[PDB]
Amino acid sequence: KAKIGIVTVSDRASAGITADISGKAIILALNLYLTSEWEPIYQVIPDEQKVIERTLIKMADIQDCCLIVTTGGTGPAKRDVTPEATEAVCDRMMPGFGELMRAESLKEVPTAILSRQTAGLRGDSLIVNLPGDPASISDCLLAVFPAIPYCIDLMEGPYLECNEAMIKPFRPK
């Protein structure tokens, strides 16, 4: 059974002021993507870099999450420190993810170059940064996930199986 981490980085959300929404969309999307058995590990944490670092490390090292997805704090604002926390906990970075998500949003919004989202690997766990805007989460997650099940394959992790009607992942033979 696979475990997938969902981390929402927002001060107002973790305080209880506003509802998540963004984290809810990520879980709804994964439920549409996947047909195999999986379990969501979900956390809401404030915009504190050390808190983000520990949350990612717990999910990857203790709770055995093959994929961890974050939403929030990836822009040029002062409190946006999620990309730095991801680089801290990752021994290897996946630059192709960050390039692709910006190239897709650039087709629509010119400010996509302000996005500092990135992705990397902590051991055999894949961590991916998603935008904080709930509207942009579906498009962004849909652009990178076709490559994710084969990535977890190369790291000898669980075999994620997808509903081909909702998303079609790529796997060479």
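From 1 onward, residues are counted along the sequence shown.
Stretches 66-74 and 42-50 differ in mean C-alpha B factor, with the higher average recorded for 42-50. Mean CA temperature factor is higher for 103-111 when stretches 116-124 and 103-111 are set side by side in the entry. Reading the B-factor column for the CA atoms of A165, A19, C151, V9 in the entry, the top value corresponds to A19.
When all modelled residues of the chain are sorted by CA temperature factor, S138 is found within the lowest third.
Among all modelled residues in this chain, the alpha-carbon of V81 has a temperature factor (C-alpha) in the highest third. Remark: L32 belongs to the lowest third of its chain, ranked by C-alpha B-factor as recorded. Sorting the modelled residues of the chain by their CA temperature factor places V144 in the lowest third. Annotation for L130: CA B-factor lies in the lowest third of the chain's modelled residues.
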